[PDB]
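Student: Data: entry-v2.cif, mmCIF, C-alpha atoms.
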```
data_run
loop_
_atom_site.group_PDB
_atom_site.id
_atom_site.type_symbol
_atom_site.label_atom_id
_atom_site.label_comp_id
_atom_site.auth_asym_id
_atom_site.auth_seq_id
_atom_site.Cartn_x
_atom_site.Cartn_y
_atom_site.Cartn_z
ATOM 1 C CA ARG Z 1 7.265 1.544 8.900
ATOM 2 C CA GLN Z 2 8.584 -1.794 10.204
ATOM 3 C CA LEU Z 3 5.313 -3.503 9.283
ATOM 4 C CA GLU Z 4 5.250 -1.652 5.949
ATOM 5 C CA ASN Z 5 8.624 -3.182 5.054
ATOM 6 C CA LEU Z 6 7.182 -6.688 5.416
ATOM 7 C CA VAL Z 7 4.073 -5.524 3.539
ATOM 8 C CA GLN Z 8 6.344 -4.536 0.636
ATOM 9 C CA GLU Z 9 8.202 -7.866 0.811
ATOM 10 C CA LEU Z 10 4.970 -9.885 0.871
ATOM 11 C CA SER Z 11 3.567 -7.840 -2.024
ATOM 12 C CA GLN Z 12 6.767 -8.574 -3.958
ATOM 13 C CA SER Z 13 6.299 -12.277 -3.175
ATOM 14 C CA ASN Z 14 2.668 -12.104 -4.311
ATOM 15 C CA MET Z 15 3.533 -10.424 -7.614
ATOM 16 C CA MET Z 16 6.398 -12.809 -8.398
ATOM 17 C CA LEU Z 17 3.982 -15.684 -7.794
ATOM 18 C CA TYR Z 18 1.357 -13.885 -9.908
ATOM 19 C CA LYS Z 19 3.757 -13.666 -12.851
ATOM 20 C CA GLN Z 20 4.282 -17.450 -13.014
ATOM 21 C CA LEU Z 21 0.635 -18.492 -13.438
ATOM 22 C CA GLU Z 22 -0.044 -16.916 -16.839
ATOM 23 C CA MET Z 23 2.911 -18.628 -18.538
ATOM 24 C CA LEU Z 24 1.597 -22.125 -17.762
ATOM 25 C CA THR Z 25 -1.959 -21.253 -18.863
ATOM 26 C CA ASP Z 26 -1.402 -19.942 -22.396
ATOM 27 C CA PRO Z 27 -3.878 -21.318 -25.006
ATOM 28 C CA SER Z 28 -1.425 -21.353 -27.904
ATOM 29 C CA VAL Z 29 -3.195 -24.195 -29.741
ATOM 30 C CA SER Z 30 -6.632 -22.612 -29.027
ATOM 31 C CA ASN Z 31 -11.324 -31.561 -31.396
ATOM 32 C CA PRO Z 32 -8.870 -29.104 -32.976
ATOM 33 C CA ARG Z 33 -6.585 -31.979 -34.009
ATOM 34 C CA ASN Z 34 -9.335 -33.734 -35.983
ATOM 35 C CA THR Z 35 -10.361 -30.642 -37.948
ATOM 36 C CA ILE Z 36 -8.204 -28.887 -40.536
ATOM 37 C CA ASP Z 37 -6.833 -25.642 -39.121
ATOM 38 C CA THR Z 38 -7.287 -22.565 -41.293
ATOM 39 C CA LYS Z 39 -3.915 -21.297 -40.051
ATOM 40 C CA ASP Z 40 -2.375 -24.496 -41.427
ATOM 41 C CA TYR Z 41 -3.038 -23.325 -44.984
ATOM 42 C CA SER Z 42 -0.839 -26.105 -46.399
ATOM 43 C CA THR Z 43 -3.607 -28.592 -45.600
ATOM 44 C CA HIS Z 44 -6.112 -26.151 -47.115
ATOM 45 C CA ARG Z 45 -4.118 -25.983 -50.366
ATOM 46 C CA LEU Z 46 -3.865 -29.785 -50.270
ATOM 47 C CA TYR Z 47 -7.653 -30.086 -50.004
ATOM 48 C CA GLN Z 48 -8.214 -27.458 -52.709
ATOM 49 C CA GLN L 1 11.828 46.703 37.702
ATOM 50 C CA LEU L 2 11.805 43.061 38.803
ATOM 51 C CA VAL L 3 7.998 43.160 39.062
ATOM 52 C CA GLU L 4 7.479 44.501 35.533
ATOM 53 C CA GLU L 5 10.091 42.107 34.126
ATOM 54 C CA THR L 6 8.357 39.255 35.972
ATOM 55 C CA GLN L 7 5.066 40.371 34.409
ATOM 56 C CA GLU L 8 6.780 39.946 31.036
ATOM 57 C CA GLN L 9 7.987 36.549 32.313
ATOM 58 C CA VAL L 10 4.407 35.626 33.268
ATOM 59 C CA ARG L 11 3.320 36.476 29.719
ATOM 60 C CA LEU L 12 6.180 34.351 28.334
ATOM 61 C CA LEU L 13 5.013 31.499 30.574
ATOM 62 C CA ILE L 14 1.288 31.774 29.848
ATOM 63 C CA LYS L 15 1.848 31.847 26.070
ATOM 64 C CA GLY L 16 2.929 28.213 26.373
ATOM 65 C CA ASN L 17 0.754 27.344 29.366
ATOM 66 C CA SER L 18 -2.481 28.167 27.526
ATOM 67 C CA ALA L 19 -1.381 26.201 24.456
ATOM 68 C CA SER L 20 -0.253 23.141 26.444
ATOM 69 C CA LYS L 21 -3.698 22.308 27.857
ATOM 70 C CA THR L 22 -5.326 22.755 24.440
ATOM 71 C CA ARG L 23 -2.785 20.566 22.636
ATOM 72 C CA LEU L 24 -3.011 17.917 25.366
ATOM 73 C CA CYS L 25 -6.805 17.880 25.069
ATOM 74 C CA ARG L 26 -6.345 16.913 21.403
ATOM 75 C CA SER L 27 -3.218 14.804 22.014
ATOM 76 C CA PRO L 28 -5.300 11.570 22.144
ATOM 77 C CA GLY L 29 -7.233 12.649 19.057
ATOM 78 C CA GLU L 30 -4.554 13.031 16.390
ATOM 79 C CA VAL L 31 -2.601 9.983 17.573
ATOM 80 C CA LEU L 32 -5.790 7.897 17.450
ATOM 81 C CA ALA L 33 -6.479 9.336 13.988
ATOM 82 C CA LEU L 34 -3.056 8.042 12.956
ATOM 83 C CA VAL L 35 -3.863 4.746 14.716
ATOM 84 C CA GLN L 36 -7.233 3.925 13.157
ATOM 85 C CA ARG L 37 -6.312 5.107 9.645
ATOM 86 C CA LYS L 38 -2.567 4.554 9.080
ATOM 87 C CA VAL L 39 -0.856 2.317 11.647
ATOM 88 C CA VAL L 40 -3.562 -0.269 12.423
ATOM 89 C CA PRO L 41 -4.384 -0.737 8.683
ATOM 90 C CA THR L 42 -0.723 -1.695 8.209
ATOM 91 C CA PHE L 43 -1.057 -3.861 11.340
ATOM 92 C CA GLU L 44 -3.806 -5.885 9.675
ATOM 93 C CA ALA L 45 -2.319 -5.751 6.149
ATOM 94 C CA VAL L 46 0.543 -8.152 6.929
ATOM 95 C CA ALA L 47 -1.858 -11.035 7.599
ATOM 96 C CA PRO L 48 -4.025 -10.930 4.413
ATOM 97 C CA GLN L 49 -0.719 -10.567 2.563
#
```
As structure tokens, what does this structure read like?
Tutor:
Amino acid sequence: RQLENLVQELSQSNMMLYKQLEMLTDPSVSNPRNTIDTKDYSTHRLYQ
Amino acid sequence: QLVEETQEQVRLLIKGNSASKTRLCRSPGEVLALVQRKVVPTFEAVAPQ
């Protein structure tokens, strides 16, 4: 049980360090800057 | 009367005496089953954590 307590604490440490990695590696923007984005439909209307 | 009561006493002794040797034969076994499957896995598990 005494070792299991530290196992729980280390697992808590591992999960709270797991939860920080995915926030810094989010591909929100998905050369994309050179091309006209289809989501940016204002540029599409401008071209049309 | 003491002899027959002591025969009852001998039965009340042997009911535990016969069980003690059997449970002490397997006394290493169940503790080692707890060792190799529950306690020692937690003994390792701190270090890969």
Student: Residues of chain Z within 12 Å of chain L, counting only C-alpha atoms - could you list those as a PDB file with C-alpha atoms, in the frame of the given file?
Tutor:
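Saved to selection04.pdb:
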```pdb
ATOM      1  CA  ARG Z   1       7.265   1.544   8.900  1.00  0.00           C
ATOM      2  CA  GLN Z   2       8.584  -1.794  10.204  1.00  0.00           C
ATOM      3  CA  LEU Z   3       5.313  -3.503   9.283  1.00  0.00           C
ATOM      4  CA  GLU Z   4       5.250  -1.652   5.949  1.00  0.00           C
ATOM      5  CA  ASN Z   5       8.624  -3.182   5.054  1.00  0.00           C
ATOM      6  CA  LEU Z   6       7.182  -6.688   5.416  1.00  0.00           C
ATOM      7  CA  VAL Z   7       4.073  -5.524   3.539  1.00  0.00           C
ATOM      8  CA  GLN Z   8       6.344  -4.536   0.636  1.00  0.00           C
ATOM      9  CA  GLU Z   9       8.202  -7.866   0.811  1.00  0.00           C
ATOM     10  CA  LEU Z  10       4.970  -9.885   0.871  1.00  0.00           C
ATOM     11  CA  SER Z  11       3.567  -7.840  -2.024  1.00  0.00           C
ATOM     12  CA  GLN Z  12       6.767  -8.574  -3.958  1.00  0.00           C
ATOM     13  CA  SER Z  13       6.299 -12.277  -3.175  1.00  0.00           C
ATOM     14  CA  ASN Z  14       2.668 -12.104  -4.311  1.00  0.00           C
ATOM     15  CA  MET Z  15       3.533 -10.424  -7.614  1.00  0.00           C
TER      16      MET Z  15
END
```
Student: Can you tell me, as a ChimeraX atom specification, what residues are no more than 12 Å from region 39-47 of chain Z when counting all atoms listed in the file, ignoring any on the same chain fewer than 5 positions away?
Tutor: /Z:29-30,32-33
Student: Set up a box along x, y and z of the file covering all listed atoms of region 17-32 of chain L, add 6 Å on every one of the six sides, and write the centre and edge lengths in Å to one decimal, as AutoDock Vina command-line options.
Tutor:
```
--center_x -3.2 --center_y 18.0 --center_z 22.9 --size_x 20.0 --size_y 32.3 --size_z 25.0
```
Student: Would you mind completing region 5-21 of chain L to N, CA, C and O atoms and writing the output as a CSV table (one decimal), keeping the file's coordinate frame?
Tutor:
```csv
chain,number,residue,atom,x,y,z
L,5,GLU,N,9.4,43.2,34.9
L,5,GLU,CA,10.1,42.1,34.1
L,5,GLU,C,9.5,40.7,34.4
L,5,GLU,O,9.3,39.9,33.5
L,6,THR,N,9.0,40.5,35.6
L,6,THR,CA,8.4,39.3,36.0
L,6,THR,C,7.0,39.2,35.4
L,6,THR,O,6.4,38.1,35.1
L,7,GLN,N,6.3,40.4,35.2
L,7,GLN,CA,5.1,40.4,34.4
L,7,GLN,C,5.3,39.9,33.0
L,7,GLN,O,4.5,39.2,32.4
L,8,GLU,N,6.4,40.4,32.4
L,8,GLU,CA,6.8,39.9,31.0
L,8,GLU,C,7.1,38.4,31.1
L,8,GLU,O,6.7,37.7,30.1
L,9,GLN,N,7.7,38.0,32.1
L,9,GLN,CA,8.0,36.5,32.3
L,9,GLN,C,6.7,35.7,32.4
L,9,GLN,O,6.6,34.6,31.9
L,10,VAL,N,5.7,36.3,33.1
L,10,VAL,CA,4.4,35.6,33.3
L,10,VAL,C,3.7,35.5,31.9
L,10,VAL,O,3.1,34.5,31.6
L,11,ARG,N,3.8,36.6,31.1
L,11,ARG,CA,3.3,36.5,29.7
L,11,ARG,C,4.1,35.4,28.9
L,11,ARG,O,3.4,34.6,28.2
L,12,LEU,N,5.4,35.4,29.0
L,12,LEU,CA,6.2,34.4,28.3
L,12,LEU,C,5.9,32.9,28.9
L,12,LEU,O,6.2,32.0,28.2
L,13,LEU,N,5.4,32.8,30.1
L,13,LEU,CA,5.0,31.5,30.6
L,13,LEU,C,3.6,31.1,30.1
L,13,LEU,O,3.4,30.0,29.6
L,14,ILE,N,2.7,32.1,30.1
L,14,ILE,CA,1.3,31.8,29.8
L,14,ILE,C,1.1,31.5,28.4
L,14,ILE,O,0.1,30.8,28.0
L,15,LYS,N,2.0,32.1,27.5
L,15,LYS,CA,1.8,31.8,26.1
L,15,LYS,C,2.0,30.4,25.7
L,15,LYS,O,1.5,29.9,24.7
L,16,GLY,N,2.8,29.6,26.5
L,16,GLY,CA,2.9,28.2,26.4
L,16,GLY,C,2.0,27.4,27.3
L,16,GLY,O,1.5,26.3,26.9
L,17,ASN,N,1.7,28.0,28.4
L,17,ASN,CA,0.8,27.3,29.4
L,17,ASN,C,-0.7,27.2,28.8
L,17,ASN,O,-1.3,26.2,29.0
L,18,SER,N,-1.1,28.2,28.1
L,18,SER,CA,-2.5,28.2,27.5
L,18,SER,C,-2.5,27.2,26.4
L,18,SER,O,-3.5,26.5,26.1
L,19,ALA,N,-1.4,27.1,25.6
L,19,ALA,CA,-1.4,26.2,24.5
L,19,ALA,C,-1.2,24.7,24.9
L,19,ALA,O,-1.7,23.8,24.2
L,20,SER,N,-0.6,24.5,26.0
L,20,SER,CA,-0.3,23.1,26.4
L,20,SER,C,-1.5,22.4,26.8
L,20,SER,O,-1.7,21.2,26.4
L,21,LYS,N,-2.4,23.0,27.5
L,21,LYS,CA,-3.7,22.3,27.9
L,21,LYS,C,-4.5,22.0,26.6
L,21,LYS,O,-5.1,20.9,26.5
```
